[PDB]
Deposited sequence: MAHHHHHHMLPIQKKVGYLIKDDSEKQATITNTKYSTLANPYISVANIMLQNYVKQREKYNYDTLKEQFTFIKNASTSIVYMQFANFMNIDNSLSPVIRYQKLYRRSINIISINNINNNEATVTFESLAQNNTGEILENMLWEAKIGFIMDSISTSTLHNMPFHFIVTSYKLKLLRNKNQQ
């Protein structure tokens, strides 16, 4: 808990990048990552978003044609278990035609092992809520 926040920020950036990216070819890996790094409730929110029954699912919106990439802009550490991560999303095809370019906030609740004074170290997201800040196209 002098390096606790520096470590949490590495885990938080990684979680946002893995959760918010889209690549058809690595969907199974993405679901595995989220299931293991999240509570059941948080994972089910992700799965319900991704499910093809959601018309706004990236699987439906991007299919095999587009990738969505993510750039982390900043992190605000609220306390030991809450942070807000600001990030940009960019979606495009193999031609470089841009379907989305947006600025986002994720408000994240998390729990993480304490840092001591196989080397297991646990980090779990307990809450994850998105807010669109800006559509940098329109």
Note to self, deposited ranges with zero CA coordinates are 1-38, 156-159, 181
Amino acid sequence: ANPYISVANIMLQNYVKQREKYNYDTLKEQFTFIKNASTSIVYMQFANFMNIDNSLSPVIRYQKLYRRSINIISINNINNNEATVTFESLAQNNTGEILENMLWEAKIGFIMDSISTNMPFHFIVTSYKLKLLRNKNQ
From here on, numbers count along this sequence of modelled residues.
Averaging the C-alpha temperature factors as deposited, the higher value of 40-48 versus 84-92 falls on 84-92
Of 50-58 vs 22-30, the stretch with the larger average CA B-factor in the entry is 50-58
Based on the PDB entry, the highest CA temperature factor among the options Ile70, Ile108, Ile111, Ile98 is that of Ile98
So, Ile5's CA B-factor, relative to its chain, sits in which third? The middle
Binned into thirds over the chain's modelled residues, the C-alpha B-factor of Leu130 lands in the middle
The third of the chain into which the C-alpha temperature factor of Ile115 falls is the middle
